[PDB]
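Undergrad: Got a structure for you, written out below as structure tokens; questions coming shortly.
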There are 2 protein chains.
Amino acid sequence: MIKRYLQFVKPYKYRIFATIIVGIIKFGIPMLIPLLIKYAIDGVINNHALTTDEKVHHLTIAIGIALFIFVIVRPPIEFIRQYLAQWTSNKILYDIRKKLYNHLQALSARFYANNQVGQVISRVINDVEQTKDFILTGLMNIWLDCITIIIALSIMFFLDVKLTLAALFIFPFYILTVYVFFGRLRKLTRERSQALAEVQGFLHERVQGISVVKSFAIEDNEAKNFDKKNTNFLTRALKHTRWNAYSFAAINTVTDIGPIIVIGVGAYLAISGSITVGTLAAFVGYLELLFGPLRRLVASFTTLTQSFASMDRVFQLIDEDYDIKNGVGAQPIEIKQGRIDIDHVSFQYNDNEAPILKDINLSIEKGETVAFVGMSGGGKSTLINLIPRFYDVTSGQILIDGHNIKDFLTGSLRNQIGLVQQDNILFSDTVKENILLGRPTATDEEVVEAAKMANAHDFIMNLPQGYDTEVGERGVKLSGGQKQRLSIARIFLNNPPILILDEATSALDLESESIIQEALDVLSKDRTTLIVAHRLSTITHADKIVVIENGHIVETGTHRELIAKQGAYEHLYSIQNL
Amino acid sequence: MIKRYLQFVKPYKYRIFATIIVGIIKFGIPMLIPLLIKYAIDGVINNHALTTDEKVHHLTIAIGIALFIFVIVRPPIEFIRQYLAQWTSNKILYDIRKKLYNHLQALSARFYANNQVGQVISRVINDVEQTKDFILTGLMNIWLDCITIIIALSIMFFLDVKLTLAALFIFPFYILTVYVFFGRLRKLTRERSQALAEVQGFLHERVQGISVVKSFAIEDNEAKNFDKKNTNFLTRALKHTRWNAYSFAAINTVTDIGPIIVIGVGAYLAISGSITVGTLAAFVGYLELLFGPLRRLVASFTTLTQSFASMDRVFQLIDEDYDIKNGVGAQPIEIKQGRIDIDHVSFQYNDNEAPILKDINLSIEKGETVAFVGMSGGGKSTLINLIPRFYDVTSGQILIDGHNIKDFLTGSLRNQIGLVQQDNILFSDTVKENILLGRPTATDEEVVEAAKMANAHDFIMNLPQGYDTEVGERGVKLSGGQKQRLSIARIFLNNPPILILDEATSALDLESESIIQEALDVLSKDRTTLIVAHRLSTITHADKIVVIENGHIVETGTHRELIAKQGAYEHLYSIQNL
């Protein structure tokens with residue numbers, strides 16, 4: 001998996017090597033200070049053989065050299081070091097999200113039917129952000145602390161063989177301890193993030209559905225439900241905290257026995273006649289070089305553990321399967337004559353549940369306008385959505401122009417099916433911007449046409465700032481009949497070969513309906529049109545009315561014929577002016 | 001404003017003092033090492049008074065002691081120090097969100113009509129989280145670095161009053177520099193966060209409206225729109241980064257001239273007689289004590305700057321005004337007889353725009369069932385929503401039982417108005433859980449009753465896992481007629497004195513409608529009922545039909561009378577059979 005995440009860093013290796021290089025070229029600075037203390041002390045006064053005009057000159061090139069380095073050289077190193085580090089990771093994150101967003105747009109209705117927006121977003125934003133430390137603390141700092149440890153171990157190896165050994169004794173345990181915690185922290189972090197994710201999901205869902213919370217004044221009740229999730233998150237976060245605290249003390253207690261098992265030994269050797277009490281003096285001086293980095297790495301460790309948890313969650317989301325896939329055979333197909341064929345189609349949203357569409361057989365020739373009617377919960381919408389291939393038929397096949405829906409390239413198929421769903425969407429944008437969804441590359445002229453078509457153009461003008469009026473989030477700032485008509489607009493703009501209208505009149509008064517009815521009868525003149533309707537009267541003119549009951553096609557016919565049959569259809573119609 | 005944020009920390013002062021105390025009791029440890037070293041070296045090795053059996057002995061007491069401290073005392077200090085620090089801040093955050101969520105639930109339809117969920121959430125989650133550093137780096141660490149600086153400075157002053165003035169020389173500039181950057185970083189951070197906020201808002205809106213993006217296969221187009229926001233965020237984040245890098249190098253270059261100017265003057269002063277090398281050398285070992293903390297504080301500074309930006313944004317959201325406020329006169333009023341009076345009401349959603357409801361006068365006696373009908377975009381919904389007081393009338397008054405709506409306590413008023421909006425809501429929960437929204441404290445028996453009432457109980461049973469079937473996010477896993485009926489359920493459960501039904505039939509077939517029609521005619525027998533409808537036929541029985549046009553009441557009457565008048569009403573009705 002590191003290999004995976006690494007793939008994102010790939011195009012930035014150099015900038016990172018650079019960040020590490022400049023990183024090393026930093027320790028040289030802190031050492032310049034103690035080096036300068038020795039020069040004035042031993043090179044201008046303790047020299048004893050210099051003029052009081054000569055030594056007061058060397059101190060003006062040494063207090064000259066220092067200033068130069070620190071006021072000219074260091075600043076740029078400092079800067080670049082950070083800017084680089086950041087610029088790098090920040091571009092990397094940017095990249096990861098670029099990919100995550102396409103992933104998302106490629107998931108299926110199913111995915112989104114069983115997932116919580118807020119939770120998904122939490123991953124795309126929070127979890128990703130969290131993997132930032134892995135680039136910084138991981139690939140750009142950890143090393144410097146190991147380089148330091150090598151240098152140190154090395155220097156010490158010369159000063160004395162067994163004395164260094166005296167130190168390394170700790171090392172294995174240190175490693176063992178880290179290993180012992182790592183995993184548990186990784187989970188605790190994972191579980192923690194997830195909780196956050198769930199509060200995200202909660203906030204999203206409620207803030208957007210407040211209309212309801214407000215209406216029944218269930219604020220108190222819901223504020224509780226919030227606290228459960230908010231508390232859960234807190235709890236989990238504490239578990240996580242406790243362990244980090246715990247593991248920290250642990251790893252360090254180990255890292256601390258380090259200088260001890262050293263000093264102790266360093267004495268019982270210098271006195272036992274093994275080595276120069278100067279060696280002991282020197283060696284023990286470097287103790288900070290060894291058990292210093294080892295102490296930092298404890299922190300480095302921790303940070304990373306958390307980061308891994310995050311990249312987990314990220315990849316987990318990345319690894320989600322696309323339910324509707326294109327498959328090798330993919331083929332952008334032009335639909336020249338709207339010929340739709342539904343052969344023995346049967347649908348189930350899940351293996352466990354019962355099918356919703358059982359055995360459906362229906363043929364629709366180009367130009368025909370087919371109406372779908374029946375008790376609510378029958379299957380019309382489900383059936384319908386099988387064509388734009390929003391879900392794949394369970395058993396059977398649907399063919400447009402003889403071509404199996406599956407053999408089209410998604411975008412192609414979908415782009416040629418103008419679909420007005422029953423629960424229509426609007427983004428917090430301008431009226432124009434919304435219609436444009438039907439055909440983003442459209443002439444401000446064509447838009448106004450679609451509008452006039454959908455019987456929308458008129459009320460749009462009466463809107464403050466007309467076609468540029470910002471509709472509300474979710475399109476709140478408009479009537480039902482109004483939102484709806486904008487959806488119809490999109491259709492005309494799309495001007496597709498196949499038109500599916502699932503209750504495209506729901507919210508319009510009798511009059512507006514009449515208009516749109518005419519507008520459509522026109523657009524639907526020579527196109528294959530599928531219509532789901534409850535207001536029967538606006539379906540009579542259909543070429544064929546299809547009655548659907550409990551997932552089955554029960555009746556088929558012309559309004560005229562169906563009425564004669566005094567069957568299922570008539571029953572329903574008959575309920576109107578009776 | 002710090003005072004504000006502090007108010008959240010208040011109930012945790014002690015835990016924080018504690019965190020600081022234990023914090024100080026830490027420097028004592030690192031010093032024990034060199035002490036065990038000096039003690040070994042200068043104490044046992046060169047005592048010139050030690051039996052080889054004594055020195056070894058006194059060495060041992062120094063180690064047995066070391067191990068004890070480090071393997072027993074330190075671990076607990078380490079732990080508590082961190083656990084404390086975290087536990088504290090983590091509870092504080094928890095608290096802040098507890099408050100933010102109630103704030104949210106108290107904002108008005110307006111607020112939410114002009115705000116983006118994702119953006120709001122970003123604040124409640126991200127910005128808050130960000131204020132975490134302020135508690136940690138701010139109130140628990142900064143101090144230790146100042147304590148260190150005091151300790152250090154004192155020593156310098158008793159070592160030489162005029163050389164500490166060679167040090168402190170830097171101090172003012174340091175402060176000046178911080179001041180110079182602080183502000184700009186604060187903004188850059190602010191602007192950065194906001195960008196994130198906007199990507200949040202984008203992701204929310206799109207992920208939830210994908211149905212549309214999928215239908216027109218506008219993935220590519222939208223993926224672009226995403227990249228604008230994603231890029232914007234990246235850019236802003238870079239600006240921020242660049243400056244931090246910049247300001248960092250700056251403040252340090254200043255902090256670095258520090259040890260130098262002590263050496264530049266200090267050395268010159270030794271020459272002229274200020275003091276000797278014995279002093280110049282001793283006034284230089286502690287240099288790390290002074291310009292060490294000053295270097296850390298540079299980082300401490302930065303972190304805080306960002307934190308302030310965050311608390312800004314947080315408070316900004318906290319400072320949002322409640323459009324619908326209760327006001328002192330608040331009074332939980334029982335509505336005993338649904339008498340509604342609309343006296344010269346006029347409504348405008350904004351001062352700039354044109355009114356939507358102009359001069360409306362209508363009286364509704366207890367028990368009466370009043371229907372509202374007219375072209376779409378007329379004002380019915382707006383009018384209606386003025387009663388549950390979702391917005392306050394602009395000019396006029398609405399009185400229930402003689403009491404002005406404004407004089408009720410929100411929850412009271414709203415709780416007694418059973419409202420079925422046209423765009424009904426469902427949470428990703430169970431069927432039961434959703435109905436329960438109408439009356440959270442309800443008998444699993446009463447629920448099933450409401451259901452049977454709303455003509456829902458039946459199809460709910462046919463659902464996998466029946467009343468416990470998890471409907472989809474937004475309630476996707478159900479038909480239109482189905483979601484809707486669950487909304488109707490809520491009404492029966494609420495069983496209020498006043499019932500408002502805005503197109504409560506939109507998605508039901510003719511048959512289901514008949515049922516619910518009967519179910520309601522019953523529930524509406526002796527209750528004040530307001531109905532907005534487009535399917536006229538389901539309104540005929542009304543006590544009074546009110547026709548609304550361009551924000552006005554144009555006609556008033558009984559279906560019978562209005563039909564006779566051959567006016568506005570008849571026109572519309574007349575369009576059904578015609």
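Chain lettering (A, B, ...) mirrors the order of the structure tokens, residue numbering begins at 1 for each chain separately, and ligand numbering begins at 1 in order of display.
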Matching each Cα of chain B to its counterpart in chain A by order, what RMSD results from the least-squares fit?
TA: 0.5 Å
Undergrad: Which residues, written as a PyMOL selection string, have at least one atom at most 12 Å from residue A:426, with only C-alpha atoms counted and residues fewer than 5 positions away on the same chain left out?
TA: (chain A and resi 431-438+470-478+480+482-488+490) or (chain B and resi 205-206+208-213)
Undergrad: Tell me as a CSV table (one decimal) with C-alpha atoms, in the first residue's frame which residues belonging to chain B come within 6 Å of chain A, counting only C-alpha atoms.
TA:
```
chain,number,residue,atom,x,y,z
B,71,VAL,CA,11.7,3.8,34.8
B,75,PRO,CA,6.7,7.5,32.7
B,78,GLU,CA,5.0,11.9,30.6
B,79,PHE,CA,1.7,10.1,30.3
B,82,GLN,CA,-0.2,14.3,27.3
B,83,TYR,CA,-3.4,12.6,28.3
B,113,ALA,CA,-31.9,29.2,1.7
B,215,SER,CA,-28.4,11.5,-16.6
B,216,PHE,CA,-26.8,14.0,-18.9
B,217,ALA,CA,-23.4,12.5,-18.6
B,242,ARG,CA,4.7,30.9,1.0
B,245,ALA,CA,7.9,30.1,5.0
B,246,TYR,CA,8.7,33.7,4.4
B,249,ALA,CA,12.9,32.8,7.9
B,253,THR,CA,17.1,35.7,11.0
B,264,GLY,CA,30.1,41.0,18.8
B,375,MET,CA,-51.3,29.2,-11.3
B,376,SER,CA,-47.9,28.0,-10.0
B,377,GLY,CA,-45.7,30.6,-8.6
B,411,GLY,CA,-42.0,25.2,19.3
B,414,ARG,CA,-45.1,24.9,15.1
B,415,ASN,CA,-45.9,21.8,17.2
B,472,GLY,CA,-32.2,5.1,1.5
B,473,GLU,CA,-30.3,8.3,2.1
B,479,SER,CA,-41.5,5.3,-4.5
B,481,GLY,CA,-46.2,7.8,-3.6
B,506,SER,CA,-48.4,15.0,-5.8
B,509,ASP,CA,-52.0,7.2,-8.3
B,534,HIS,CA,-53.4,21.6,-8.2
```
Undergrad: Determine the nearest neighbour of residue B:168 from the options B:111, B:51, B:291, B:276, counting only C-alpha atoms.
TA: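 Smallest separation from residue B:168 among the options: B:291.
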Undergrad: Do a neighbour search on residue A:524 at 8 Å with only C-alpha atoms, toss out local chain neighbours closer than 3 positions, and write the hits as a PDB file with N, CA, C and O atoms, in the first residue's frame.
TA:
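Dumped everything to selection35.pdb:
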```pdb
ATOM      1  N   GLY A 367     -40.581   6.585 -32.530  1.00  0.00           N
ATOM      2  CA  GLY A 367     -41.691   7.506 -32.638  1.00  0.00           C
ATOM      3  C   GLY A 367     -42.839   7.296 -31.678  1.00  0.00           C
ATOM      4  O   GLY A 367     -43.484   8.273 -31.269  1.00  0.00           O
ATOM      5  N   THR A 369     -45.178   6.758 -28.475  1.00  0.00           N
ATOM      6  CA  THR A 369     -45.187   7.388 -27.162  1.00  0.00           C
ATOM      7  C   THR A 369     -45.872   6.370 -26.234  1.00  0.00           C
ATOM      8  O   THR A 369     -47.081   6.118 -26.336  1.00  0.00           O
ATOM      9  N   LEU A 499     -36.880  10.259 -25.046  1.00  0.00           N
ATOM     10  CA  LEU A 499     -37.371  11.078 -23.929  1.00  0.00           C
ATOM     11  C   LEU A 499     -38.142  10.262 -22.887  1.00  0.00           C
ATOM     12  O   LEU A 499     -39.167   9.645 -23.214  1.00  0.00           O
ATOM     13  N   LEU A 520     -44.672  19.609 -25.309  1.00  0.00           N
ATOM     14  CA  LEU A 520     -44.143  18.256 -25.426  1.00  0.00           C
ATOM     15  C   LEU A 520     -44.722  17.500 -26.595  1.00  0.00           C
ATOM     16  O   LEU A 520     -43.990  16.866 -27.346  1.00  0.00           O
ATOM     17  N   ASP A 521     -46.036  17.554 -26.750  1.00  0.00           N
ATOM     18  CA  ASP A 521     -46.673  16.854 -27.858  1.00  0.00           C
ATOM     19  C   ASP A 521     -45.914  17.180 -29.133  1.00  0.00           C
ATOM     20  O   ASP A 521     -45.777  16.336 -30.012  1.00  0.00           O
ATOM     21  N   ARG A 527     -40.312  11.343 -31.806  1.00  0.00           N
ATOM     22  CA  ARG A 527     -39.327  10.719 -30.933  1.00  0.00           C
ATOM     23  C   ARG A 527     -39.927   9.626 -30.077  1.00  0.00           C
ATOM     24  O   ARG A 527     -41.123   9.641 -29.762  1.00  0.00           O
ATOM     25  N   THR A 528     -39.077   8.668 -29.709  1.00  0.00           N
ATOM     26  CA  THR A 528     -39.495   7.568 -28.860  1.00  0.00           C
ATOM     27  C   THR A 528     -39.657   8.191 -27.487  1.00  0.00           C
ATOM     28  O   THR A 528     -38.714   8.748 -26.944  1.00  0.00           O
ATOM     29  N   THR A 529     -40.858   8.094 -26.934  1.00  0.00           N
ATOM     30  CA  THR A 529     -41.146   8.708 -25.648  1.00  0.00           C
ATOM     31  C   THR A 529     -41.788   7.777 -24.621  1.00  0.00           C
ATOM     32  O   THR A 529     -42.842   7.178 -24.863  1.00  0.00           O
TER      33      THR A 529
END
```
Undergrad: Contacts of residue A:545 at 9 Å or less, counting only C-alpha atoms, minus same-chain residues fewer than 6 places along, as a ChimeraX atom specification?
TA: /A:369-373,539,555-559,562,569
Undergrad: So that I have them on file, write out the residues from the current selection with N, CA and C atoms, as a PDB file, in the first residue's frame.
TA:
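Output saved as part.pdb:
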```pdb
ATOM      1  N   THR A 369     -45.178   6.758 -28.475  1.00  0.00           N
ATOM      2  CA  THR A 369     -45.187   7.388 -27.162  1.00  0.00           C
ATOM      3  C   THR A 369     -45.872   6.370 -26.234  1.00  0.00           C
ATOM      4  N   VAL A 370     -45.083   5.755 -25.357  1.00  0.00           N
ATOM      5  CA  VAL A 370     -45.599   4.746 -24.445  1.00  0.00           C
ATOM      6  C   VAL A 370     -45.796   5.257 -23.018  1.00  0.00           C
ATOM      7  N   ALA A 371     -47.003   5.097 -22.491  1.00  0.00           N
ATOM      8  CA  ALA A 371     -47.314   5.529 -21.142  1.00  0.00           C
ATOM      9  C   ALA A 371     -47.267   4.367 -20.163  1.00  0.00           C
ATOM     10  N   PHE A 372     -46.748   4.621 -18.973  1.00  0.00           N
ATOM     11  CA  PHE A 372     -46.690   3.608 -17.926  1.00  0.00           C
ATOM     12  C   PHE A 372     -47.559   4.067 -16.749  1.00  0.00           C
ATOM     13  N   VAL A 373     -48.545   3.256 -16.375  1.00  0.00           N
ATOM     14  CA  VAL A 373     -49.424   3.627 -15.282  1.00  0.00           C
ATOM     15  C   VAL A 373     -49.742   2.488 -14.340  1.00  0.00           C
ATOM     16  N   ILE A 539     -52.241  11.416 -20.684  1.00  0.00           N
ATOM     17  CA  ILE A 539     -51.619  10.210 -21.219  1.00  0.00           C
ATOM     18  C   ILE A 539     -52.468   9.543 -22.286  1.00  0.00           C
ATOM     19  N   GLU A 555     -51.920  -4.919 -18.181  1.00  0.00           N
ATOM     20  CA  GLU A 555     -52.738  -4.538 -19.330  1.00  0.00           C
ATOM     21  C   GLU A 555     -51.932  -3.757 -20.346  1.00  0.00           C
ATOM     22  N   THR A 556     -52.374  -3.807 -21.592  1.00  0.00           N
ATOM     23  CA  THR A 556     -51.700  -3.112 -22.682  1.00  0.00           C
ATOM     24  C   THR A 556     -52.707  -2.637 -23.687  1.00  0.00           C
ATOM     25  N   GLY A 557     -52.642  -1.366 -24.055  1.00  0.00           N
ATOM     26  CA  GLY A 557     -53.593  -0.873 -25.036  1.00  0.00           C
ATOM     27  C   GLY A 557     -53.719   0.626 -25.236  1.00  0.00           C
ATOM     28  N   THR A 558     -54.642   0.979 -26.113  1.00  0.00           N
ATOM     29  CA  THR A 558     -54.962   2.355 -26.451  1.00  0.00           C
ATOM     30  C   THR A 558     -55.968   2.766 -25.410  1.00  0.00           C
ATOM     31  N   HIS A 559     -55.937   4.028 -24.995  1.00  0.00           N
ATOM     32  CA  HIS A 559     -56.896   4.486 -24.008  1.00  0.00           C
ATOM     33  C   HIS A 559     -58.265   3.895 -24.347  1.00  0.00           C
ATOM     34  N   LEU A 562     -58.384  -0.001 -23.821  1.00  0.00           N
ATOM     35  CA  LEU A 562     -58.315  -0.293 -22.399  1.00  0.00           C
ATOM     36  C   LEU A 562     -59.636   0.087 -21.738  1.00  0.00           C
ATOM     37  N   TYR A 569     -57.075  -0.924 -16.173  1.00  0.00           N
ATOM     38  CA  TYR A 569     -56.958   0.475 -16.583  1.00  0.00           C
ATOM     39  C   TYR A 569     -58.223   1.278 -16.324  1.00  0.00           C
TER      40      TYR A 569
END
```
Undergrad: Apply DSSP to the structure's backbone, then extract all residues of stretch 282-432 of chain B labelled strand (DSSP E) and return them as a PyMOL selection string.
TA: chain B and resi 340-347+357-364+369-373+395-400+403-404+417-420
Undergrad: Write to file, as a tab-separated table (two decimals), in the first residue's frame, the residues of the selection just made, with C-alpha atoms.
TA:
```
chain	number	residue	atom	x	y	z
B	340	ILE	CA	-56.85	31.63	11.86
B	341	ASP	CA	-56.98	35.27	10.80
B	342	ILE	CA	-54.84	36.79	8.12
B	343	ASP	CA	-55.20	40.58	8.35
B	344	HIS	CA	-53.67	42.68	5.61
B	345	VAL	CA	-50.61	40.43	5.34
B	346	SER	CA	-47.97	41.35	2.78
B	347	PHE	CA	-44.77	39.40	2.30
B	357	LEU	CA	-48.01	38.24	-1.09
B	358	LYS	CA	-49.38	41.73	-1.34
B	359	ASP	CA	-52.50	42.49	0.62
B	360	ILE	CA	-54.08	39.37	1.94
B	361	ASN	CA	-57.15	39.22	4.09
B	362	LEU	CA	-58.72	35.89	4.98
B	363	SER	CA	-60.53	34.51	8.02
B	364	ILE	CA	-60.68	30.80	8.77
B	369	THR	CA	-61.34	23.29	5.41
B	370	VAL	CA	-59.88	26.01	3.17
B	371	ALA	CA	-58.39	25.21	-0.23
B	372	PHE	CA	-55.81	27.36	-1.97
B	373	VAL	CA	-55.56	27.16	-5.76
B	395	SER	CA	-46.68	44.02	6.78
B	396	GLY	CA	-49.73	42.79	8.62
B	397	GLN	CA	-50.54	40.17	11.19
B	398	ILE	CA	-51.66	36.57	11.37
B	399	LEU	CA	-53.61	35.58	14.45
B	400	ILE	CA	-54.54	32.12	15.69
B	403	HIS	CA	-53.23	35.52	19.50
B	404	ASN	CA	-50.65	36.92	17.13
B	417	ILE	CA	-49.49	22.78	13.04
B	418	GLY	CA	-49.26	19.46	11.25
B	419	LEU	CA	-47.50	20.39	8.05
B	420	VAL	CA	-47.07	18.29	4.89
```
Undergrad: Please give the complete set of residues from stretch 59-218 of chain B that DSSP, run on the backbone, assigns to alpha helix (DSSP H), formatted as JSON, numbers by chain.
TA: {"B": [59, 60, 61, 62, 63, 64, 65, 66, 67, 68, 74, 75, 76, 77, 78, 79, 80, 81, 82, 83, 84, 85, 86, 87, 88, 89, 90, 91, 92, 93, 94, 95, 96, 97, 98, 99, 100, 101, 102, 103, 104, 105, 106, 109, 110, 111, 112, 113, 117, 118, 119, 120, 121, 122, 128, 129, 130, 132, 133, 142, 143, 144, 145, 146, 147, 148, 149, 150, 151, 152, 153, 154, 155, 156, 157, 158, 159, 164, 165, 166, 167, 170, 171, 172, 173, 174, 175, 176, 177, 178, 179, 180, 181, 182, 183, 184, 185, 186, 187, 188, 189, 190, 191, 192, 193, 194, 195, 196, 197, 198, 199, 200, 201, 202, 203, 204, 205, 206, 207, 208, 209, 210, 211, 212, 213, 214, 215]}
Undergrad: Write out, as a tab-separated table (two decimals), in the first residue's frame, the residues just selected, with C-alpha atoms.
TA:
```tsv
chain	number	residue	atom	x	y	z
B	59	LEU	CA	28.52	5.22	41.25
B	60	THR	CA	25.98	2.46	41.82
B	61	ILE	CA	23.78	4.55	44.13
B	62	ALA	CA	23.69	7.12	41.30
B	63	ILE	CA	22.49	4.56	38.80
B	64	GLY	CA	20.05	2.53	40.93
B	65	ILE	CA	18.58	5.98	41.54
B	66	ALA	CA	18.60	6.93	37.85
B	67	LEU	CA	16.72	3.81	36.80
B	68	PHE	CA	14.09	4.40	39.48
B	74	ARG	CA	9.04	9.89	34.54
B	75	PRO	CA	6.69	7.50	32.71
B	76	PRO	CA	3.68	8.67	34.75
B	77	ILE	CA	4.64	12.33	34.36
B	78	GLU	CA	5.03	11.86	30.58
B	79	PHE	CA	1.67	10.10	30.33
B	80	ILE	CA	-0.45	12.42	32.46
B	81	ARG	CA	1.11	15.44	30.74
B	82	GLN	CA	-0.15	14.34	27.34
B	83	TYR	CA	-3.37	12.58	28.31
B	84	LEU	CA	-4.28	15.68	30.32
B	85	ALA	CA	-3.46	18.11	27.51
B	86	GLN	CA	-5.55	16.11	25.06
B	87	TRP	CA	-8.44	15.04	27.25
B	88	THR	CA	-8.87	18.73	28.03
B	89	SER	CA	-8.92	20.21	24.52
B	90	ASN	CA	-10.86	17.25	23.15
B	91	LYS	CA	-13.66	17.83	25.67
B	92	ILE	CA	-13.58	21.55	24.91
B	93	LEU	CA	-14.04	20.94	21.20
B	94	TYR	CA	-16.87	18.51	21.97
B	95	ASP	CA	-18.49	21.35	23.92
B	96	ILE	CA	-18.12	23.94	21.17
B	97	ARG	CA	-19.83	21.66	18.66
B	98	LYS	CA	-22.60	20.90	21.11
B	99	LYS	CA	-23.28	24.63	21.04
B	100	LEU	CA	-22.80	25.07	17.29
B	101	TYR	CA	-25.38	22.36	16.54
B	102	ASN	CA	-28.06	24.11	18.60
B	103	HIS	CA	-27.11	27.35	16.93
B	104	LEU	CA	-27.70	25.72	13.55
B	105	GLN	CA	-31.06	24.27	14.50
B	106	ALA	CA	-32.02	27.77	15.54
B	109	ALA	CA	-35.31	28.97	6.50
B	110	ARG	CA	-33.79	32.14	5.04
B	111	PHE	CA	-30.35	31.40	6.41
B	112	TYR	CA	-30.41	27.93	4.91
B	113	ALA	CA	-31.88	29.18	1.65
B	117	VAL	CA	-24.50	23.02	3.80
B	118	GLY	CA	-21.01	21.83	3.04
B	119	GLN	CA	-19.65	25.28	3.81
B	120	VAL	CA	-21.50	25.46	7.11
B	121	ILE	CA	-20.33	21.96	8.11
B	122	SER	CA	-16.72	22.84	7.17
B	128	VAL	CA	-13.44	24.28	15.22
B	129	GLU	CA	-10.94	21.43	15.10
B	130	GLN	CA	-8.36	24.05	14.07
B	132	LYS	CA	-7.46	23.01	19.02
B	133	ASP	CA	-3.87	24.23	18.68
B	142	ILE	CA	3.91	29.00	25.08
B	143	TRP	CA	4.27	29.63	28.81
B	144	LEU	CA	6.94	27.01	29.42
B	145	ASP	CA	9.02	28.77	26.76
B	146	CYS	CA	8.56	32.12	28.50
B	147	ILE	CA	9.33	30.65	31.91
B	148	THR	CA	12.50	29.35	30.26
B	149	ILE	CA	13.25	32.81	28.88
B	150	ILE	CA	12.74	34.45	32.28
B	151	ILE	CA	14.98	31.93	34.08
B	152	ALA	CA	17.58	32.44	31.36
B	153	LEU	CA	17.41	36.25	31.28
B	154	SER	CA	17.68	36.48	35.09
B	155	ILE	CA	21.01	34.64	35.04
B	156	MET	CA	22.29	36.95	32.31
B	157	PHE	CA	21.37	40.07	34.30
B	158	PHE	CA	23.29	38.98	37.42
B	159	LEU	CA	26.17	37.92	35.22
B	164	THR	CA	22.22	41.18	28.62
B	165	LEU	CA	21.48	44.47	26.88
B	166	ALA	CA	23.56	43.11	24.00
B	167	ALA	CA	21.17	40.17	23.93
B	170	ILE	CA	17.18	41.68	19.38
B	171	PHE	CA	13.96	41.28	21.38
B	172	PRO	CA	12.18	44.46	20.22
B	173	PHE	CA	12.80	43.78	16.52
B	174	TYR	CA	11.70	40.16	17.00
B	175	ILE	CA	8.44	41.50	18.40
B	176	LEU	CA	8.15	44.05	15.63
B	177	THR	CA	8.61	41.36	12.96
B	178	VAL	CA	5.98	39.05	14.45
B	179	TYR	CA	3.51	41.95	14.55
B	180	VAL	CA	4.34	42.69	10.90
B	181	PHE	CA	3.37	39.19	9.72
B	182	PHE	CA	0.72	38.03	12.19
B	183	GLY	CA	-2.14	39.88	10.54
B	184	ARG	CA	-1.38	38.89	6.93
B	185	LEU	CA	-1.03	35.23	7.92
B	186	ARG	CA	-4.30	35.43	9.85
B	187	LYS	CA	-6.04	36.52	6.63
B	188	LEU	CA	-4.23	34.09	4.39
B	189	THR	CA	-5.31	31.35	6.79
B	190	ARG	CA	-8.85	32.68	6.87
B	191	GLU	CA	-9.04	32.88	3.06
B	192	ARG	CA	-7.52	29.41	2.87
B	193	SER	CA	-10.03	27.79	5.23
B	194	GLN	CA	-12.85	29.48	3.31
B	195	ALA	CA	-11.61	27.85	0.07
B	196	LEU	CA	-11.66	24.47	1.74
B	197	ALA	CA	-15.14	25.37	2.89
B	198	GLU	CA	-16.15	25.98	-0.71
B	199	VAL	CA	-14.80	22.66	-1.92
B	200	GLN	CA	-16.79	21.12	0.96
B	201	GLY	CA	-19.87	22.93	-0.24
B	202	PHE	CA	-19.24	21.76	-3.78
B	203	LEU	CA	-18.74	18.12	-2.93
B	204	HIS	CA	-21.87	18.08	-0.81
B	205	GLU	CA	-24.11	19.63	-3.47
B	206	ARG	CA	-22.79	17.50	-6.35
B	207	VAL	CA	-22.47	14.11	-4.63
B	208	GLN	CA	-26.05	14.55	-3.54
B	209	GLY	CA	-27.26	15.68	-6.94
B	210	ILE	CA	-25.38	13.17	-9.03
B	211	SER	CA	-28.60	11.71	-10.35
B	212	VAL	CA	-28.56	14.74	-12.64
B	213	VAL	CA	-24.85	14.64	-13.47
B	214	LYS	CA	-25.30	10.97	-14.38
B	215	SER	CA	-28.38	11.53	-16.58
```
Undergrad: Out of A:568, A:553, A:335, A:548, which residue has the shortest atom-to-atom distance to residue A:402 when counting only C-alpha atoms?
TA: A:335
Undergrad: I'd like to know which of A:135, A:531, A:163, A:69 is closest to residue A:311, using only C-alpha atoms.
TA: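 Smallest distance to residue A:311 is found for A:135.
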